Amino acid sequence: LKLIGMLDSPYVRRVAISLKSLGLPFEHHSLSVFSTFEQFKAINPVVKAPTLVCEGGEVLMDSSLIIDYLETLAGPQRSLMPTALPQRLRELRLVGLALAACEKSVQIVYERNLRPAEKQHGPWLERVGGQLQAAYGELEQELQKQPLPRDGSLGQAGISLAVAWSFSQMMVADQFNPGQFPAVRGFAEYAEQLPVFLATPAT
């Protein structure tokens, strides 16, 4: 198995940590969809990261679909997802919120770095920034109501939430202030000291 993409992308990182958490060995090819376009295009012409090349050479994209494939390959015993409806529903909500925070953080990065200042649109940044704040706000309320376990093991919500938070702090820190979203920050900083996160640095 081969994971194509840079770990500074939260989508690539959540897959990398999911792979390790599921016990599936793999090769990591650190390629950028922007600075090594041709090299990435040679593997996946759609040029989307993460891209997973399976044992037979099949190419997959989209972090959630890649993880669905990995979950299938690993078997139910290793699932990072609860199966009971209530519990799974909650997990899906947390992952959804975390992925929304990822999407909005990335949209801000793209708006500011992929086009000249003159073409940057204030109303767009305002909207996206508000959505980013809402996402972490919802996550904060969920965690304040029901804290995540800190037992050395991780579920998809924990992985995705930690990866998302650390990414936002690295790339769009100007959207945050010290002490903000204490529950989310607290869990992310706890997760970042777990062996699997330490072995998969974003940078």
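Numbers for residues come from their place in the sequence shown, where the first is 1.
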Exercise for the section: Averaging the C-alpha B factors as listed in the entry, name the stretch that ends up higher: 111 to 119 or 86 to 94. Expected result: 111 to 119
Exercise for the section: Would you determine, from the values in the PDB entry, which of 12 to 20 and 178 to 186 has the greater average C-alpha temperature factor? Expected result: 178 to 186
Exercise for the section: Please work out which residue in 149, 155, 50, 45 has the highest C-alpha B-factor recorded for this crystal structure. Expected result: 149
Handout entry: Which of 81, 99, 106, 132 ranks first by CA B-factor in the deposited coordinates
Key = 81
Fill in the blank from the handout: For residue 7, the third of its chain by CA B-factor is the lowest
Practice task
Comparing against every modelled residue in the chain, figure out the third that the C-alpha B-factor of residue 169 lands in (lowest, middle or highest).
Solution key: middle
Practice task
Divide the modelled residues of the chain into thirds by Cα B-factor and specify which third, lowest, middle or highest, holds residue 39.
Solution key: middle
Problem - Chain thirds of CA B-factor: placement of residue 160 - result: lowest
Handout entry: Relative C-alpha B-factor of residue 143, binned into the chain's lowest, middle or highest third
Key = highest
